[PDB]
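Here's my_file.pdb, which has PDB, C-alpha atoms:
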```
ATOM      1  CA  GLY H 155      90.269  82.869 147.787  1.00  0.00           C
ATOM      2  CA  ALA H 156      89.288  86.432 146.896  1.00  0.00           C
ATOM      3  CA  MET H 157      91.530  88.457 149.185  1.00  0.00           C
ATOM      4  CA  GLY H 158      93.042  86.309 148.170  1.00  0.00           C
ATOM      5  CA  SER H 159      94.458  83.288 146.537  1.00  0.00           C
ATOM      6  CA  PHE H 160      93.823  85.228 143.443  1.00  0.00           C
ATOM      7  CA  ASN H 161      96.121  87.962 144.468  1.00  0.00           C
ATOM      8  CA  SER H 162      98.924  85.603 145.234  1.00  0.00           C
ATOM      9  CA  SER H 163      98.271  83.888 142.000  1.00  0.00           C
ATOM     10  CA  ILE H 164      98.653  87.157 140.144  1.00  0.00           C
ATOM     11  CA  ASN H 165     101.981  87.936 141.813  1.00  0.00           C
ATOM     12  CA  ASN H 166     103.034  84.381 141.033  1.00  0.00           C
ATOM     13  CA  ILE H 167     102.410  85.114 137.355  1.00  0.00           C
ATOM     14  CA  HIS H 168     104.416  88.332 137.689  1.00  0.00           C
ATOM     15  CA  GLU H 169     107.403  86.371 138.999  1.00  0.00           C
ATOM     16  CA  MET H 170     106.993  84.062 136.025  1.00  0.00           C
ATOM     17  CA  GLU H 171     107.196  87.057 133.698  1.00  0.00           C
ATOM     18  CA  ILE H 172     110.339  88.560 135.230  1.00  0.00           C
ATOM     19  CA  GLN H 173     111.828  85.057 135.262  1.00  0.00           C
ATOM     20  CA  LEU H 174     111.150  84.826 131.524  1.00  0.00           C
ATOM     21  CA  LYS H 175     112.784  88.197 130.879  1.00  0.00           C
ATOM     22  CA  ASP H 176     115.794  87.170 132.977  1.00  0.00           C
ATOM     23  CA  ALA H 177     116.296  83.899 131.096  1.00  0.00           C
ATOM     24  CA  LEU H 178     115.988  85.654 127.727  1.00  0.00           C
ATOM     25  CA  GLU H 179     118.676  88.113 128.829  1.00  0.00           C
ATOM     26  CA  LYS H 180     121.056  85.435 130.095  1.00  0.00           C
ATOM     27  CA  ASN H 181     120.658  83.477 126.858  1.00  0.00           C
ATOM     28  CA  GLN H 182     121.517  86.597 124.867  1.00  0.00           C
ATOM     29  CA  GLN H 183     124.598  87.125 127.025  1.00  0.00           C
ATOM     30  CA  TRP H 184     125.601  83.540 126.244  1.00  0.00           C
ATOM     31  CA  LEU H 185     125.233  84.201 122.521  1.00  0.00           C
ATOM     32  CA  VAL H 186     127.624  87.164 122.575  1.00  0.00           C
ATOM     33  CA  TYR H 187     129.970  85.411 125.013  1.00  0.00           C
ATOM     34  CA  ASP H 188     130.032  82.468 122.593  1.00  0.00           C
ATOM     35  CA  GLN H 189     130.532  84.595 119.476  1.00  0.00           C
ATOM     36  CA  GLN H 190     133.678  86.010 121.070  1.00  0.00           C
ATOM     37  CA  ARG H 191     134.963  82.531 121.940  1.00  0.00           C
ATOM     38  CA  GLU H 192     134.475  81.672 118.273  1.00  0.00           C
ATOM     39  CA  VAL H 193     136.670  84.637 117.321  1.00  0.00           C
ATOM     40  CA  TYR H 194     139.306  83.235 119.667  1.00  0.00           C
ATOM     41  CA  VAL H 195     138.852  79.740 118.233  1.00  0.00           C
ATOM     42  CA  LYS H 196     139.254  80.926 114.638  1.00  0.00           C
ATOM     43  CA  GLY H 197     142.426  82.758 115.662  1.00  0.00           C
ATOM     44  CA  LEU H 198     143.685  79.606 117.370  1.00  0.00           C
ATOM     45  CA  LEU H 199     143.068  77.676 114.153  1.00  0.00           C
ATOM     46  CA  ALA H 200     144.877  80.302 112.083  1.00  0.00           C
ATOM     47  CA  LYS H 201     147.789  79.989 114.494  1.00  0.00           C
ATOM     48  CA  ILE H 202     147.850  76.193 114.231  1.00  0.00           C
ATOM     49  CA  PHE H 203     147.794  76.392 110.428  1.00  0.00           C
ATOM     50  CA  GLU H 204     150.815  78.706 110.402  1.00  0.00           C
ATOM     51  CA  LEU H 205     152.623  76.648 113.044  1.00  0.00           C
ATOM     52  CA  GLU H 206     152.040  73.559 110.893  1.00  0.00           C
ATOM     53  CA  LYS H 207     153.909  75.082 107.955  1.00  0.00           C
ATOM     54  CA  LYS H 208     157.114  74.939 109.973  1.00  0.00           C
ATOM     55  CA  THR H 209     156.476  71.249 110.564  1.00  0.00           C
ATOM     56  CA  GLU H 210     156.560  70.809 106.787  1.00  0.00           C
TER      57      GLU H 210
ATOM     58  CA  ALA W 156      82.668  90.089 127.024  1.00  0.00           C
ATOM     59  CA  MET W 157      85.467  88.296 128.861  1.00  0.00           C
ATOM     60  CA  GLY W 158      86.800  87.716 125.358  1.00  0.00           C
ATOM     61  CA  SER W 159      89.377  90.348 126.224  1.00  0.00           C
ATOM     62  CA  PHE W 160      90.055  88.667 129.574  1.00  0.00           C
ATOM     63  CA  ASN W 161      90.051  85.208 127.982  1.00  0.00           C
ATOM     64  CA  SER W 162      92.698  86.190 125.425  1.00  0.00           C
ATOM     65  CA  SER W 163      94.806  87.602 128.244  1.00  0.00           C
ATOM     66  CA  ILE W 164      94.614  84.194 129.943  1.00  0.00           C
ATOM     67  CA  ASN W 165      96.275  82.225 127.096  1.00  0.00           C
ATOM     68  CA  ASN W 166      98.862  84.946 126.462  1.00  0.00           C
ATOM     69  CA  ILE W 167      99.795  83.984 130.015  1.00  0.00           C
ATOM     70  CA  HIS W 168      99.644  80.339 128.890  1.00  0.00           C
ATOM     71  CA  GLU W 169     101.972  81.207 126.014  1.00  0.00           C
ATOM     72  CA  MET W 170     104.222  83.180 128.374  1.00  0.00           C
ATOM     73  CA  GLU W 171     104.889  80.007 130.366  1.00  0.00           C
ATOM     74  CA  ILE W 172     105.527  78.097 127.155  1.00  0.00           C
ATOM     75  CA  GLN W 173     108.131  80.670 126.086  1.00  0.00           C
ATOM     76  CA  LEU W 174     109.468  80.570 129.651  1.00  0.00           C
ATOM     77  CA  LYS W 175     109.755  76.783 129.672  1.00  0.00           C
ATOM     78  CA  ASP W 176     111.406  77.034 126.264  1.00  0.00           C
ATOM     79  CA  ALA W 177     113.924  79.643 127.433  1.00  0.00           C
ATOM     80  CA  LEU W 178     115.062  77.564 130.397  1.00  0.00           C
ATOM     81  CA  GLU W 179     115.561  74.474 128.233  1.00  0.00           C
ATOM     82  CA  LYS W 180     117.632  76.718 125.987  1.00  0.00           C
ATOM     83  CA  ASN W 181     119.562  78.159 128.925  1.00  0.00           C
ATOM     84  CA  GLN W 182     120.294  74.600 129.956  1.00  0.00           C
ATOM     85  CA  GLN W 183     121.578  73.902 126.435  1.00  0.00           C
ATOM     86  CA  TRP W 184     123.982  76.838 126.720  1.00  0.00           C
ATOM     87  CA  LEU W 185     125.474  75.402 129.914  1.00  0.00           C
ATOM     88  CA  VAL W 186     126.308  72.042 128.309  1.00  0.00           C
ATOM     89  CA  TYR W 187     127.492  73.769 125.119  1.00  0.00           C
ATOM     90  CA  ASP W 188     129.815  75.971 127.183  1.00  0.00           C
ATOM     91  CA  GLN W 189     131.296  72.881 128.816  1.00  0.00           C
ATOM     92  CA  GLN W 190     131.881  71.260 125.432  1.00  0.00           C
ATOM     93  CA  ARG W 191     133.432  74.354 123.832  1.00  0.00           C
ATOM     94  CA  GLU W 192     135.919  74.906 126.658  1.00  0.00           C
ATOM     95  CA  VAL W 193     137.135  71.341 126.115  1.00  0.00           C
ATOM     96  CA  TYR W 194     137.546  72.268 122.455  1.00  0.00           C
ATOM     97  CA  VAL W 195     139.512  75.452 123.127  1.00  0.00           C
ATOM     98  CA  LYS W 196     141.826  73.617 125.545  1.00  0.00           C
ATOM     99  CA  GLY W 197     142.495  70.908 122.984  1.00  0.00           C
ATOM    100  CA  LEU W 198     143.324  73.583 120.426  1.00  0.00           C
ATOM    101  CA  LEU W 199     145.619  75.205 122.993  1.00  0.00           C
ATOM    102  CA  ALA W 200     147.223  71.814 123.605  1.00  0.00           C
ATOM    103  CA  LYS W 201     147.776  71.368 119.868  1.00  0.00           C
ATOM    104  CA  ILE W 202     149.548  74.750 119.724  1.00  0.00           C
ATOM    105  CA  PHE W 203     151.637  73.987 122.823  1.00  0.00           C
ATOM    106  CA  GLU W 204     152.728  70.668 121.341  1.00  0.00           C
ATOM    107  CA  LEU W 205     153.131  72.191 117.890  1.00  0.00           C
ATOM    108  CA  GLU W 206     155.314  74.996 119.214  1.00  0.00           C
ATOM    109  CA  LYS W 207     158.523  73.473 117.931  1.00  0.00           C
ATOM    110  CA  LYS W 208     161.507  75.712 118.583  1.00  0.00           C
ATOM    111  CA  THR W 209     159.284  78.734 117.937  1.00  0.00           C
ATOM    112  CA  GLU W 210     158.244  79.019 121.577  1.00  0.00           C
ATOM    113  CA  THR W 211     158.905  77.511 124.990  1.00  0.00           C
ATOM    114  CA  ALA W 212     156.755  76.863 128.051  1.00  0.00           C
ATOM    115  CA  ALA W 213     157.067  75.388 131.554  1.00  0.00           C
ATOM    116  CA  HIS W 214     159.680  77.980 132.455  1.00  0.00           C
ATOM    117  CA  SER W 215     160.731  78.673 136.029  1.00  0.00           C
TER     118      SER W 215
ATOM    119  CA  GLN T 797     117.981  79.289 138.369  1.00  0.00           C
ATOM    120  CA  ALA T 798     118.811  80.492 134.870  1.00  0.00           C
ATOM    121  CA  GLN T 799     122.512  81.288 134.544  1.00  0.00           C
ATOM    122  CA  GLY T 800     124.435  83.683 132.335  1.00  0.00           C
ATOM    123  CA  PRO T 801     128.095  83.406 131.280  1.00  0.00           C
ATOM    124  CA  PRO T 802     130.795  83.626 133.972  1.00  0.00           C
ATOM    125  CA  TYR T 803     131.304  87.247 132.858  1.00  0.00           C
ATOM    126  CA  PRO T 804     130.071  89.496 129.998  1.00  0.00           C
ATOM    127  CA  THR T 805     133.301  89.206 127.951  1.00  0.00           C
ATOM    128  CA  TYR T 806     134.998  85.942 127.021  1.00  0.00           C
ATOM    129  CA  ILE T 807     138.284  85.142 128.734  1.00  0.00           C
ATOM    130  CA  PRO T 808     140.216  82.126 127.366  1.00  0.00           C
ATOM    131  CA  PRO T 809     141.430  79.368 129.718  1.00  0.00           C
TER     132      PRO T 809
END
```
So, in terms of structure tokens, how does the structure I just supplied come out?
Amino acid sequence: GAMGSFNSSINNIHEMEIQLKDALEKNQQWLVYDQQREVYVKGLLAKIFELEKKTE
Amino acid sequence: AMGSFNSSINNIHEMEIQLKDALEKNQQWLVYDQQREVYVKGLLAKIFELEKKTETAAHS
Amino acid sequence: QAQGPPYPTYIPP
């Protein structure tokens, strides 16, 4: 216990904390990564709009 | 007073809420990514199809 | 097992 389980338990909480920080980072990366895909999407839609004027 | 130690204990409890909540989120990103790529490809397909005598693909 | 994007900048398919 003392030497102990407690110590391992503390480390185990430390892993939990770095795991939280990691996840929060990766989610932020996803946000930016997605924002850029939206820029691409909007461009794609602008392109389609223009392309559809020649179909007229 | 363990009141200072006690408070530290639930901050840890909260930390593993926020953790649990981040992973659920991170999971949501993964499915969202999969859905958006389908969207982009469909938009690309629209363009490809739409490209009527203004561009040309499948070219050896 | 949290995962980030394939890479930091978006690259279209």
Please, which residues in chain T fall within 9 Å of chain W when counting only C-alpha atoms, and what is the closest atom pair and distance in Å to one decimal for each, ordered by chain then residue number, as a Markdown table?
```
| residue | atom | partner | partner_atom | distance |
| --- | --- | --- | --- | --- |
| T:797 | CA | W:178 | CA | 8.7 |
| T:798 | CA | W:181 | CA | 6.4 |
| T:799 | CA | W:181 | CA | 7.1 |
| T:800 | CA | W:181 | CA | 8.1 |
| T:801 | CA | W:185 | CA | 8.5 |
| T:808 | CA | W:195 | CA | 7.9 |
| T:809 | CA | W:196 | CA | 7.1 |
```
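Atom CA of residue H:174 to atom CA of residue W:173 spans 7.5 Å [interatomic distance, one decimal].
Comparing the minimum interatomic distances between chain W and each of H:205, H:189, H:160, H:197, counting all atoms listed in the file, we find that H:205 sits nearest.
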Against chain W, which residues of chain H fall within 8 Å? For each one I want the closest pair of atoms and the distance in Å (one decimal), counting all atoms listed in the file, rows by chain and increasing residue number, as a Markdown table.
```
| residue | atom | partner | partner_atom | distance |
| --- | --- | --- | --- | --- |
| H:167 | CA | W:167 | CA | 7.9 |
| H:170 | CA | W:171 | CA | 7.3 |
| H:171 | CA | W:170 | CA | 7.2 |
| H:173 | CA | W:174 | CA | 7.6 |
| H:174 | CA | W:174 | CA | 4.9 |
| H:177 | CA | W:177 | CA | 6.1 |
| H:178 | CA | W:177 | CA | 6.4 |
| H:180 | CA | W:181 | CA | 7.5 |
| H:181 | CA | W:181 | CA | 5.8 |
| H:184 | CA | W:184 | CA | 6.9 |
| H:188 | CA | W:188 | CA | 8.0 |
| H:195 | CA | W:195 | CA | 6.5 |
| H:198 | CA | W:198 | CA | 6.8 |
| H:199 | CA | W:198 | CA | 7.5 |
| H:201 | CA | W:202 | CA | 7.6 |
| H:202 | CA | W:202 | CA | 5.9 |
| H:205 | CA | W:205 | CA | 6.6 |
| H:206 | CA | W:205 | CA | 7.2 |
| H:209 | CA | W:207 | CA | 8.0 |
```
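Comparing the minimum interatomic distances between chain T and each of H:175, H:196, H:191, H:207, counting all atoms listed in the file, we find that H:191 sits nearest.
Take the candidates H:185, H:159, H:190, H:166 and check each one against chain T using all atoms listed in the file; the shortest distance goes to H:190.
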Using Å and a single decimal, report how far atom CA of residue H:168 sits from atom CA of residue H:182.
21.4 Å
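For the set H:172, H:179, H:194, H:155, the residue with the smallest atom-to-atom gap to residue T:807 is H:194, counting all atoms listed in the file.
Across the structure, atom CA of residue W:212 and atom CA of residue T:805 are spaced 26.5 Å apart.
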Could you rebuild stretch 155-171 of chain H with N, CA, C and O atoms and give me the result as a short mmCIF file (atom, residue, chain, number, x, y, z; two decimals), in the coordinates of the input?
```cif
data_model
loop_
_atom_site.label_atom_id
_atom_site.label_comp_id
_atom_site.auth_asym_id
_atom_site.auth_seq_id
_atom_site.Cartn_x
_atom_site.Cartn_y
_atom_site.Cartn_z
N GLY H 155 90.31 82.78 149.23
CA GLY H 155 90.27 82.87 147.79
C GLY H 155 90.39 84.29 147.25
O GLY H 155 91.39 84.63 146.61
N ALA H 156 89.40 85.12 147.53
CA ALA H 156 89.29 86.43 146.90
C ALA H 156 90.34 87.45 147.32
O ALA H 156 90.83 88.22 146.49
N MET H 157 90.75 87.39 148.58
CA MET H 157 91.53 88.46 149.18
C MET H 157 92.87 88.70 148.51
O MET H 157 93.27 89.84 148.34
N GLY H 158 93.57 87.65 148.12
CA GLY H 158 93.04 86.31 148.17
C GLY H 158 94.05 85.39 147.52
O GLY H 158 95.19 85.75 147.30
N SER H 159 93.61 84.19 147.23
CA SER H 159 94.46 83.29 146.54
C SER H 159 94.72 84.02 145.27
O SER H 159 95.83 84.03 144.76
N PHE H 160 93.71 84.68 144.76
CA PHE H 160 93.82 85.23 143.44
C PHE H 160 94.98 86.18 143.45
O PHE H 160 95.79 86.19 142.55
N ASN H 161 95.09 86.97 144.49
CA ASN H 161 96.12 87.96 144.47
C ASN H 161 97.47 87.30 144.39
O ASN H 161 98.31 87.68 143.59
N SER H 162 97.66 86.28 145.20
CA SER H 162 98.92 85.60 145.23
C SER H 162 99.14 85.00 143.88
O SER H 162 100.24 84.95 143.38
N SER H 163 98.10 84.50 143.28
CA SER H 163 98.27 83.89 142.00
C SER H 163 98.76 84.90 141.00
O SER H 163 99.52 84.57 140.13
N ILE H 164 98.28 86.12 141.10
CA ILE H 164 98.65 87.16 140.14
C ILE H 164 100.13 87.49 140.27
O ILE H 164 100.86 87.55 139.28
N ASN H 165 100.57 87.72 141.51
CA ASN H 165 101.98 87.94 141.81
C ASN H 165 102.84 86.80 141.28
O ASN H 165 103.91 87.01 140.72
N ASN H 166 102.34 85.58 141.47
CA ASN H 166 103.03 84.38 141.03
C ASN H 166 103.23 84.37 139.52
O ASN H 166 104.22 83.82 139.02
N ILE H 167 102.30 84.97 138.80
CA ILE H 167 102.41 85.11 137.35
C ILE H 167 103.41 86.22 137.02
O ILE H 167 104.11 86.15 136.01
N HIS H 168 103.48 87.23 137.88
CA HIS H 168 104.42 88.33 137.69
C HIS H 168 105.86 87.85 137.84
O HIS H 168 106.74 88.28 137.10
N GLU H 169 106.09 86.97 138.81
CA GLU H 169 107.40 86.37 139.00
C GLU H 169 107.79 85.56 137.77
O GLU H 169 108.93 85.57 137.34
N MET H 170 106.80 84.86 137.22
CA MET H 170 106.99 84.06 136.02
C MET H 170 107.45 84.94 134.86
O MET H 170 108.31 84.54 134.07
N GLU H 171 106.88 86.13 134.78
CA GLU H 171 107.20 87.06 133.70
C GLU H 171 108.60 87.63 133.83
O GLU H 171 109.32 87.74 132.83
#
```
